[PDB]
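Working notes, structure below.
Letters A, B, ... are given to chains in the order of the sequence lines, protein chains preceding strands, and every chain is numbered from 1. Whatever order the structure lists ligands and atoms in, that order sets their numbers, starting from 1. Hydrogens, waters and symmetry mates play no part in the numbers below; they use all other heavy atoms, side chains included.
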Amino acid sequence: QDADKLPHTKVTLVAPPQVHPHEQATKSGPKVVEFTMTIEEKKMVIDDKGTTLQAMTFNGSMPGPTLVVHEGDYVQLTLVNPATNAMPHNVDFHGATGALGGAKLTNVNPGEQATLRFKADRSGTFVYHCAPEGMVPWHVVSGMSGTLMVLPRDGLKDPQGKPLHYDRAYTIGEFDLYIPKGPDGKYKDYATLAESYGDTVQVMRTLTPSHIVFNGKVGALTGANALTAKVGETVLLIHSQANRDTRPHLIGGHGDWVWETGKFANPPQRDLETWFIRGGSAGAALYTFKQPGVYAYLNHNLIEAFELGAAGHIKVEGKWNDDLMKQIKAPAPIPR
Amino acid sequence: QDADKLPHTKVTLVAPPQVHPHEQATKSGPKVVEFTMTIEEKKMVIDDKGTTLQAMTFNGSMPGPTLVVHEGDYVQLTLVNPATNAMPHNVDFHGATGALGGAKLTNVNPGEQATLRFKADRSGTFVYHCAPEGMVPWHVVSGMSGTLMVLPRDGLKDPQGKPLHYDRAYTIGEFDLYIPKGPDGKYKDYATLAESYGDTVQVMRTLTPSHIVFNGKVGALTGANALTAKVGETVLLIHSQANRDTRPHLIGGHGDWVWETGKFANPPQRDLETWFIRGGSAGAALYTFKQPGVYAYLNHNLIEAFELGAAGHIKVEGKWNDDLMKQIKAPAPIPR
Amino acid sequence: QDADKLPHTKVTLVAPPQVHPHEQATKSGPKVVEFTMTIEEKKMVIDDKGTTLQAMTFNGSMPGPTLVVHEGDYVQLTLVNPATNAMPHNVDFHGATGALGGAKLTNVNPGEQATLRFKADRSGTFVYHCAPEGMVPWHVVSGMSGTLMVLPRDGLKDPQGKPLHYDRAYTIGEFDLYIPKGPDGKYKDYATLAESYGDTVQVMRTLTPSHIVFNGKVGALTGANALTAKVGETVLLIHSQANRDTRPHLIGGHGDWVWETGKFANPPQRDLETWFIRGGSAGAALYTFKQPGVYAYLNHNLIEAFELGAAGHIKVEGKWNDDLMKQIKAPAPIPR
Ligand SMILES: [Cu+2]
Ligand SMILES: [Cu+2]
Ligand SMILES: [Cu+2]
Ligand SMILES: [Cu+2]
Ligand SMILES: [Cu+2]
Ligand SMILES: [Cu+2]
């Protein structure tokens, strides 16, 4: 169908790690789904010792919000760059076809907005990110990425075509940060975004992140902000990394069904311990919780996770299952 | 079945690169398979110029021994931390469900042991590793990891469901090491394990290993210690990397059937030149040797292999096959 | 069949990014396909500021030319090392079985040549590279790699066995370079290849490339040298990385069908945004262009692409399609 003749619907986005309400399988026909995002440049505290990032965001968050449509829908995004920002921006949707993912049609200087439509003709989780000519990596590594999820119109399916359904979706964006240090060995704090550029590029070129964070800060997804679930609930964990590879893992769990390349027309793999999100992509994993407790969800380069920040928590309520796991003998003195 | 009512069997582990005797397809019903491992902290020489690592091991080796069960069995591990060690330890089985892989139920201080049971309900090769709170990466990168192999009860299968059988299994654990240097440019040698910690963490955070070794040392799997096979033999090569990605390759061979994500309910890929083991996982490859000679088995970042240590040898006996490969003209002067 | 009794054919190679003419599906029976390559050591300018590499090539190019045969053919390569070169060389075909991929049978000192035959019994794209004992990574990272493509005799197939056909093939070799700097912060320029060795090895061991280039130089596949296509054309993009992982992506496009591990007997994945080429392998992607314009084809570590060089262009002619993508509102002032 010609999108000019299709029904339009507007979606209200929600901040990560939540995902806006949506159907999985749907009876709806194709629609033009309208979204708006407003770019916000801001200084963010990214760790527990006060380090700041001169950040750049879609909608005020790292990652930007997840946009969910169904295959055959059209995404119609209004991208707003307020006059309070300093830099030009745009958006490149990996789910889109043509014009550098839309970037060529969405160059917005501060004070401008633009509206792009594209057909979401391929199912999967797809990165979107800013990509202004001449400063693409800087915008991405400063925070400007998120996920478009294009669900099959009949929902997710296993390799045999059986329906998969999730009760809750969470979106995790993992950001490799390149925060400069000065000659005194301390991270630099910059008064403006532009002042951070040259020093950051030099760090970028070392390919060694200073920090690797989920959702904008060390510990973002811990404490009051841990993800939650219950025994018996099936969760979809969407993981995006717009610049650098990562290897997600749920400690004490699995990926029951995983699309690590993120494209739902391909059969998922089952029983994964750790999966692999290629830099420049989003993937997705389903897991049904079977044990209560506080899980970690992390990048299983354990240095990247525990030293650099790429780890969060999932607090799960419910009944312990001794068939799956039992402490036979608690820690005690070695028998003589 | 309730594991409390199942038969128990004890397995005697063997040191890598061998794997303890086991059946592939079995007629046995599910069992509780009992294993014991004893942690050993020790200083190890890891290269040919005398560099030492303040190492930490399961059962005295890097990797720890491979534990083999069948899907539906229960693993019942007694983990022993002798009083001669300095650090607390535990174990996280990626094959297990709950309690941070068992780590929360197996915290053993020196002088203690604990016994954990879990259902091996998912087939595959799975990493196990130590994970003590607050010092997880250090224990892993110091040597505390190995593989649990959970075989399908009817053995390995190809994508069409045809039986695959191996004649011999080898286990290769690849360890990215982070050995500090001092101001004189020499690797440091520490009197105690604890003394190595701060300096090591700083190296870890650079994400650049000093060494990347198979099975505990540069050249571990070479010379008298090369792996062996014969023409006609099918070998299973289990490869674990608990912290960092690797890309195994058999020079002059292939991965005939490879589960690079390591999970046997998924179809394997065939004819691989190089496969990919995500940090935090174990995978497995089958190969049937068709040519004699000394093969290399290595990480195909060739710098990681040849400069940093991630390479071993397989010495294969048998008859050369000129249909597969023939030297038509030996090296000789360029024709005029 | 015994290759000694098969028909022989000679192929004339072409320089990257083109691929020599070949059939996809063929009615031909198996043949011994004869190729010749001549090693050329030479100094190359690799970036826009005059940096040089003491390079080593097959046939004068980075990558070496792509060799195309069909499964069941035999490859019979004459490798020539002219007396004007300084180093010994050989060739390791990942598509071959035995003798370290042929390297043990092809050690040629300057002034020598050798001829190797092997059965191309496995379909896929496979790396070939030089591998002289004691200096393997140096030869590879200095430029000595390319691709052997072994097509199924009936052409490429989708997961259901439907025929895939491409109109044009391009070959992209991605090279992580390790160019030393001196104490003045400038890249070194060496008078001879041998003089570059020690300093290069030290850089290699940092695992941080100075440059990551397609096809021999920053910008090699841009400007007059951009890849080309038309709307409606299906292109096969062969991507080789003999030493280090990469993650190809077509900006504004997709991988319609991708064999990221490069082995055509396995089903491809569809709709990929970004795929993954393990260091030490070649993979292949098909894409049918649906929009005109200048695409980028790049490694989606965007720092590696835009800062270090791993990006090229595809200039595509044809008609813009507003169903796939439309600018609804051009950039304009934010509504009041
Ligand atoms: Cu931006
Ligand atoms: Cu992108
Ligand atoms: Cu430990
Ligand atoms: Cu783990
Ligand atoms: Cu060479
Ligand atoms: Cu190789």
Side-chain angles (χ1 to χ4, degrees), chain A residues 37-41 54-58 64 79 81 85-96 100-103 106-110 126-148 193 197 240-244 278-282, chain B residues 302, chain C residues 37-41 54-58 64 79 81 85-92 103 106-110 128-146 193 197 242 247-254 273-274 295-302 305-306 311:
Chain A
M37 289 191 291
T38 299
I39 298 145
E40 187 190 9
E41 297 166 6
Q54 278 286 0
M56 312 182 202
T57 71
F58 294 101
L79 183 65
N81 189 6
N85 289 327
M87 294 294 134
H89 302 281
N90 65 22
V91 64
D92 171 351
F93 281 91
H94 290 187
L100 301 177
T106 59
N107 289 297
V108 283
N109 289 322
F126 298 84
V127 159
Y128 65 84
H129 60 83
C130 189
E133 188 179 355
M135 53 183 171
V136 173
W138 183 40
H139 284 239
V140 173
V141 302
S142 301
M144 301 208 60
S145 69
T147 301
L148 170 72
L193 178 60
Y197 178 76
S240 56
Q241 226 300 12
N243 193 59
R244 185 178 190 265
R278 297 141 187 67
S281 74
Chain B
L302 299 170
Chain C
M37 289 191 291
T38 299
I39 298 145
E40 187 190 9
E41 297 166 6
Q54 278 286 0
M56 312 182 202
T57 71
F58 294 101
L79 183 65
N81 189 6
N85 289 327
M87 294 294 134
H89 302 281
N90 65 22
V91 64
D92 171 351
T106 59
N107 289 297
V108 283
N109 290 322
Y128 65 84
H129 60 83
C130 189
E133 188 179 355
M135 53 183 171
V136 173
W138 183 40
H139 284 239
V140 173
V141 302
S142 301
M144 301 208 60
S145 69
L193 178 60
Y197 178 76
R247 56 217 56 76
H249 170 86
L250 185 61
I251 308 187
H254 295 88
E273 65 192 302
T274 299
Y295 293 66
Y297 175 71
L298 58 65
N299 169 343
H300 212 297
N301 179 312
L302 299 170
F306 286 97

- Any N/O/S of C:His300 under 2.8 Å from the Cu ion (ligand 2)?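 A backbone or side-chain N, O or S atom of C:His300 is under 2.8 Å from the Cu ion (ligand 2).
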- Query: What is the distance from atom OG1 of A:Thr57 to atom CE of A:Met37, rounded to the nearest 0.5 Å?
  - Reply: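 Going from the OG1 atom of A:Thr57 to the CE atom of A:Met37 covers 10.0 Å.
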- Query: Looking at CG of A:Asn243 and CZ of A:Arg278, how far apart are the two atoms once the value is rounded to the nearest 0.5 Å?
  - Reply: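 Rounded to the nearest 0.5 Å, the CG-CZ separation comes out at 15.5 Å.
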- Item | A:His129, N/O/S atom nearest the Cu ion (ligand 2) |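 For A:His129, the N/O/S atom sitting closest to the Cu ion (ligand 2) is NE2.
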- Message: I'd like to check the salt bridge (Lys or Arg N to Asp or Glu O under 4.0 Å) partners of A:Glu40; sequence neighbours left out, ordered by chain and number.
- Response: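 With neighbours one apart ignored, the set is A:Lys42.
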- If you draw a sphere of radius 2.8 Å around the Cu ion (ligand 1), how many protein N/O/S atoms end up strictly inside it?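 That number is 4, waters not included.
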Might you point out which heavy atoms bring [X] and [Y] nearest each other, and give the distance in Å?
| X | Y | answer |
| --- | --- | --- |
| A:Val136 | C:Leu302 | CG1-CD1, 4.0 Å |
| A:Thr147 | A:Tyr128 | N-CE2, 3.3 Å |
| C:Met87 | C:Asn81 | O-ND2, 3.0 Å |

- side chain to side chain donor-acceptor pair (under 3.5 Å), paired with C:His300, selected from A:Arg244, A:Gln241, A:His94: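 Considering A:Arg244, A:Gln241, A:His94, a side chain to side chain donor-acceptor pair (under 3.5 Å) with C:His300 is found only for A:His94.
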